[PDB]
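*Asks:* coords below, sequence missing:
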């Protein structure tokens, strides 16, 4: 069964760094891709970036391109997103979304979704 | 076989930015990497950076970080070099060179004719 | 018949590296394989790597690649383990083991007395 | 990696009794296995390799068996010099993991 | 920023003579080096890359050799086409620098 | 003698996807020289004993050279599968000959990073034995026709071996030369001294 | 009083080809039906006597040599053959008598990491005599400059390793080989079948 | 580089009837690279309309895309109580991917 299981909520302090990962299983992950979006409580979604699983090519948003990085591990079939230079306005829910695949033809669009993590930056 | 043509003479004020276009003609375009080199009137050749449009690796000199952008379009078969925040010492002759996959992506196999870019008031 | 003797205790700053010797006397050196096992202060044992001098093949653990190097000296019939870029949790007790060609290269037949490494202020 | 677990974690026995230590692997490791014994504060000692072969010098009271993802170690007659900690080990594929370590004690 | 030094900065010879030029670095640059010649008023053209391989279309009289931190260029027969300025360039580690350049001129 | 210097001592080797092919015939080929390539290197021989290659005769001998990753060289063997085997270079099951591979740390490494060694990544079908693919059209991974754009579900098929001396042994460049012996009804000429 | 073929065929580890093992069989009754329960694809080529009629015979002295070789090298174990194995590790006499048994043993001698315990000699100055064992491990001098005990230029190591793995092809998986060497002498039979 | 204007901000209809969502883009976008997402309050969004006309697996038939040239639309041909949530639409083209403000249906 295809699923994206994501890490748990974390709380950090301004000036620190955050690390979040979600584990993929149940579909052909060798040809998929994952994008990260953030959403504060009651706010609209915002696009962060996306990475190819088998190539490593990355694409970031114009605003956050200096404080986001994307890493993946093929052995553990995991996607990692790190955000640096924490601020008080970065409390939002982060999601990882991927297409579906059958190892021959992959799904068109981002259909499968994770559960989301709540991150708080306070002091 | 391969021929390259650059733009003409360019003059601009110290408080502005310059963009110069390099045009490539001939050969496959998926095996090419574009390199830009500056030659001032009173010194030797100096290096800025190299880009690989197909594979998406671009790098610039440490001095020019945040000041030089090089980008190309696969369909137009041209290359672009942009320099921002000009200074009075930036006047020079700018040359367009290109590598080759069968050779090396870092050497300059073929060169353009160079554009005279000067800054004055 | 074959006994292994190690070096003494070591204390190092976190940002340093350690060298541990392992002298084996007895038998033929060609048919000998050295493996290294690390034991936490209160936890179970942990595998690091295996070296076979006669065939010139080395293999290290997943997390320890790029930090640990195991070499052997034929003339001095000793073994060495270089662990660079130490950290706070690397403190442990380090054992040196031997693999016999007849029995098995991967299995540890003979053990050294062990050495203790402490990383702190 | 191959994750191996032992059971039971702690065993309580008296002299002259027969004990068995169960060792399981997450994946198939063929017939490659090793057993060790470590006294408190001393270096370990090899007991059994290939899961059936007995290392030279080990007394005859020890005996092991197993085929794949299931191995056991049995002591025919316990002796006062057998109270220690025992570790598994598999040497199939790199990252040769050990076991959690079974401790065997005395009954009062 | 590996620094390249070219010597001599002033060199003169005769027609039909043999000329040699050296090119020294500051660190080890493996076997990555290049040689361009720029006729005054024109654009440069590659002559040798990898310090040994001769770029196609260049006449055969040119030659280069080197292993590390010491590289040489030798022209067997001097020709009226051969009087220009010659530069080095290393492309190991980023910020691929250039050389000062050597001037060639006829012996009056 | 036989021109092995051009195959074993060339300055640069071709990328794995566009591998080279050299025809060797009508020469006295001494295979004992190739034991000094490196202190430790792979010399697996399939179907022929390497100790009796100095007196046998073959109608033709083929040489194929390329550069691959250090830990990924095990895929160059009959009946194997992986990334190189079924996308770049496929060895037939009924293969006779030898494969030679040695480390090339000092010759194919750059601190900046070597980008001239590429390997194909995406194909719709695998490769038959001894078949080349140099096509670089954009690969389609989904359904909707992307007609030549690098969006998602439509990627460039060729990646790069970003070689660098700081890498581990598994990621180090390895030069591989595959000799493909064969005999036919034609007379054999390639005989050792 | 059956002969002990179980301890030869069912041993836990077979010896390397270069240092092959040797066993003597005598003073027992030998029935060969027991070894037909082996792996279903064991090659049983026998020189000098048909394999099926080995029961009702009275041999004088019987030997058994065991080792492990590659799949394609099982052809070299035959009288008069040539190659690396036939010359430097195990040489059979031209007038050889007895059978040979070889069954694939991929499930017992293969590691995913790689089984490095099985070696084979590669270099030697001269061919082996029939039934000769050479376990010396000196440096081979393939040129003119003396080696002096260093494995440098033109000074190779005579031994390599059969790094067995389960993902290898059929032709490189390990094969266990047992060679029986019967004979007829002036002394009367000590081993007779039923 | 790509703007998808959304109106109205709020919607007020009752079930058994037919609702209208609208995402209007500012430039030319190809129908093969846009999607529509729905999340229940607090839940992660799910994909509904990709290809500007094609449902996903498990999509109820009551939805059916419109997919114009540059002004996409999706008329809800039948409501159930589940369909009351917030909705967002995204563009997948070469430009940095963006989202709409979000339409609320009561």
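*Replies:* Received the coordinates, thanks. Residues are numbered from 1 along each chain as shown, chains lettered A, B, ... in the order given.

*Asks:* CA only for contacts and neighbour counts going forward, please
*Replies:* Fine.

*Asks:* now do the SS call for the residue of chain H found nearest chain E.
*Replies:* Nearest residue of chain H to chain E, counting by C-alpha to the nearest C-alpha: residue H:96, 29.4 Å away. Secondary structure, DSSP: H, G, I helix; E, B strand; the rest coil: residue H:96 is coil.

*Asks:* mind listing what it touches?
*Replies:* A:60, A:61, A:62, H:1, H:2 (C-alpha atoms under 8 Å, 6 or more residues apart in numbering or on different chains).

*Asks:* helix or strand: which one has the last one?
*Replies:* When you say that, I think you mean residue H:2. Residue H:2 belongs to no helix or strand when assigned by DSSP states H and E.

*Asks:* nearest spatial neighbour of the residue of chain A found nearest chain H, skipping sequence neighbours?
*Replies:* Nearest residue of chain A to chain H: residue A:111, at 4.9 Å (C-alpha to the nearest C-alpha). In this structure, residue A:111 finds its nearest non-sequential neighbour in residue H:47, 4.9 Å apart by C-alpha to C-alpha, 6 or more residues apart in numbering or on different chains.

*Asks:* identify the bridge partners of the one you found.
*Replies:* Each beta-bridge partner of residue H:47 is listed here: residue H:37, as defined by DSSP bridges.

*Asks:* likewise residue A:101?
*Replies:* residue A:106.

*Asks:* residue A:30 is in contact with that one, correct?
*Replies:* No - taking contacts as C-alpha atoms under 8 Å, residue A:101 lies outside contact range of residue A:30: 9.1 Å.

*Asks:* those two: who's more crowded?
*Replies:* The neighbour count for residue A:101 versus residue A:30, taken as other C-alpha atoms under 10 Å in any protein chain shown, is higher for residue A:101 (20 against 14).

*Asks:* let me see the backbone angles for the residue of chain H closest to chain E.
*Replies:* Backbone torsions of residue H:96, given as degrees, to the nearest 10, read phi -50, psi 130.

*Asks:* ok, it to residue A:56 distance?
*Replies:* From residue H:96 across to residue A:56, the span is 18 Å (C-alpha to C-alpha, to the nearest Å).

*Asks:* quick one: residues contacting whichever residue of chain B sits closest to chain C.
*Replies:* Closest to chain C within chain B is residue B:57: 25.9 Å, counting by C-alpha to the nearest C-alpha. With contact set as C-alpha under 8 Å, 6+ apart, residue B:57 has these partners: residue B:51.

*Asks:* quick check: beta-bridge partners of it?
*Replies:* residue B:52.

*Asks:* and residue H:55, by the same measure?
*Replies:* According to DSSP bridges, the residues that bridge with residue H:55 are residue H:49.

*Asks:* buried ones in stretch F:39-59?
*Replies:* For stretch F:39-59, the neighbour count (16 or more other C-alpha atoms under 10 Å in any protein chain shown) marks F:45, F:46, F:48, F:49, F:50, F:53, F:54, F:57, F:58, F:59 as buried.

*Asks:* ignore what I typed, I meant stretch B:95-115.
*Replies:* B:95-101, B:104-115.

*Asks:* the host helix or strand of residue B:5 close to chain E?
*Replies:* Following DSSP H and E, the helix or strand that holds residue B:5 is strand B:3-6. No - judged by C-alpha under 8 Å from any C-alpha of the partner chain, strand B:3-6 makes no contact with chain E; its nearest approach is 11.7 Å.

*Asks:* of the buried residues of stretch F:39-59, list those near chain G.
*Replies:* Answer for those near chain G (C-alpha under 8 Å from any C-alpha): residue F:49.

*Asks:* can I get the buried residues of stretch F:39-59 in TSV with distance to residue H:36 and secondary structure?
*Replies:* What follows is these, written out as TSV (distance: C-alpha to C-alpha, whole Å; DSSP: H, G, I helix; E, B strand; the rest coil):
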residue	distance to residue H:36	secondary structure
F:45	58	strand
F:46	57	strand
F:48	62	coil
F:49	64	coil
F:50	64	helix
F:53	67	coil
F:54	70	coil
F:57	69	strand
F:58	66	strand
F:59	65	coil
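
*Asks:* which ones are touching the residue nearest to the spatial centre of chain F?
*Replies:* Centroid check for chain F by C-alpha atoms, centre = their mean gives residue F:66 as the closest residue, at 4.2 Å. By C-alpha under 8 Å, 6+ apart, the residues touching residue F:66 are F:13, F:14, F:15, F:16, F:19, F:20, F:175, F:176, F:177.

*Asks:* any idea which of these is the one closest to chain E?
*Replies:* The closest of the contacts of residue F:66, once distances to chain E are taken by C-alpha to the nearest C-alpha, is residue F:13, at 13.3 Å.

*Asks:* still on that earlier bit, now for the residue nearest to residue A:111, how many residues are close by?
*Replies:* Neighbours around residue H:47, by other C-alpha under 10 Å: 21.

*Asks:* show me what contacts it?
*Replies:* Residue H:47 neighbours (C-alpha under 8 Å, 6+ apart): A:109, A:110, A:111, A:112, H:35, H:36, H:37, H:38, H:56.

*Asks:* okay, the residues you listed in CSV with neighbour count next?
*Replies:* As requested, those are exported to CSV (neighbours: other C-alpha atoms under 10 Å in any protein chain shown):
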residue, neighbour count
A:109, 25
A:110, 22
A:111, 20
A:112, 18
H:35, 23
H:36, 24
H:37, 18
H:38, 20
H:56, 16
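
*Asks:* farthest-separated two in those residues?
*Replies:* A:109 and H:38 (14.1 Å; C-alpha to C-alpha).

*Asks:* so what's the spatially most central residue of chain H up against?
*Replies:* The centroid of chain H falls nearest to residue H:36 when counting by C-alpha atoms, centre = their mean (4.1 Å). Residue H:36 is in contact with H:47, H:48, H:49, H:50, H:87, H:88, H:89, H:90, counting by C-alpha under 8 Å, 6+ apart.

*Asks:* nearest residue to the residue of chain F found nearest chain C other than its sequence neighbours?
*Replies:* Going by C-alpha to the nearest C-alpha, chain C is nearest to residue F:168 of chain F, at 6.7 Å. Using C-alpha to C-alpha, 6+ apart and skipping residues adjacent in sequence, the residue nearest residue F:168 is residue C:66, 6.7 Å away.

*Asks:* number of nearby residues for the one you found?
*Replies:* Neighbours around residue C:66, by other C-alpha under 10 Å: 15.

*Asks:* my guess is it contacts residue F:170. True?
*Replies:* No - using C-alpha under 8 Å, residue C:66 makes no contact with residue F:170, being 11.1 Å away.

*Asks:* and the strands in chain F?
*Replies:* Counting by DSSP state E, chain F has strands at residues F:22-24, F:45-46, F:57-58, F:60-68, F:97-103, F:118-120, F:139-140, F:154-155, F:158-160, F:174-182, F:190-191.

*Asks:* which residues does whichever residue of chain H sits closest to chain D contact?
*Replies:* Nearest to chain D in chain H, going by C-alpha to the nearest C-alpha, is residue H:44, at a distance of 32.6 Å. Applying C-alpha under 8 Å, 6+ apart to residue H:44 gives the contacts A:95, A:113, A:114, A:115, A:116.
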